[PDB]
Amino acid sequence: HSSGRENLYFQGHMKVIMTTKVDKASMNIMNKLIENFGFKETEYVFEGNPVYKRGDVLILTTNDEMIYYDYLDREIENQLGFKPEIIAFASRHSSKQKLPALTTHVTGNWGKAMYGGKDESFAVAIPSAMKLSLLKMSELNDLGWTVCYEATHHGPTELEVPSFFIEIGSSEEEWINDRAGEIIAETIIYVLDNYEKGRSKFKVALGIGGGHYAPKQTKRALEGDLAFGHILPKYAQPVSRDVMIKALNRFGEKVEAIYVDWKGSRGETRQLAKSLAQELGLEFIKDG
């Protein structure tokens, strides 16, 4: 299709759900979206795969892991002729531990990149979408699974459009669970349909401290107004002032606070956070 036809077909804000053939959770979620939400087939292709559409929401499918797809937004523009408003990556979470979970997080590398993207670099966070994801997954969760953030981790990082990962953890048995697929599908649709308007009461925060599943950040997001973007877990601390500043500059909604799980943070890192909050005119929120 010509750019002309693409500019008419994909006019206004387009919201992209990214999937991949190699991820059983991703394919589960895709199946549930197609089965239940009124997606249509289109004449468009992306990475040699069909593009599905439901109003302003699209499903695109790549052929390999999504975590290495730096410059994905450049390729959506090249292949389909538009810059997405948001990318929701529908994904698995893998762990050796038997944690059944429904999670959301932004991608980025506090230090060295081992699973995609660049060192000390961050994708652009979308706090409202992640907060609504936690709230809706929590409501829909009849599985007894943990609904939580994860820390900023893995790629891609070279994305200018706001994005988030939404995931089923932590093994194949959970990835292919029909109900989990349906919960995530229902969540993605609700979030994409509501995050633009529904964010007016949220307080955007960088989160610091605690483990990979960000328990205090999660509790605050479920119970109050905080909407986290990047989250710096204890295992990733300490980081330099320049790295923290970089993360603070990689939010798709203006940062208003730096939040610290105090006992869950390194001394040097919690002091740096406090000093940067003061320096940058952000609220400092100390839990503990």
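All residue numbers are counted from 1 along the displayed sequence.
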ask   = Once you work out the mean C-alpha B-factor for both 272-280 and 14-22 from the entry, which is higher?
value = 272-280
key: Residue, from 146, 104, 200, 187, that the PDB entry assigns the highest Cα B-factor   = 200
inquiry  = Maximum C-alpha temperature factor per the entry, among 159, 86, 204, 76, belongs to which one?
reply    = 159
task = Could you say whether, by C-alpha temperature factor, residue 209 belongs to the lowest, middle or highest third of its chain?
result = middle
task = Just say lowest, middle or highest third for the CA B-factor of residue 96 relative to the other modelled residues in its chain.
result = highest
key: CA B-factor placement of residue 31, once the chain's modelled residues are sorted into thirds   = middle
ask   = According to the PDB entry, is the CA B factor of residue 239 in the bottom, middle or top third of its chain, that is, lowest, middle or highest?
value = highest
ask   = If you rank every modelled residue in this chain by C-alpha B factor, which third holds residue 179: lowest, middle or highest?
value = lowest
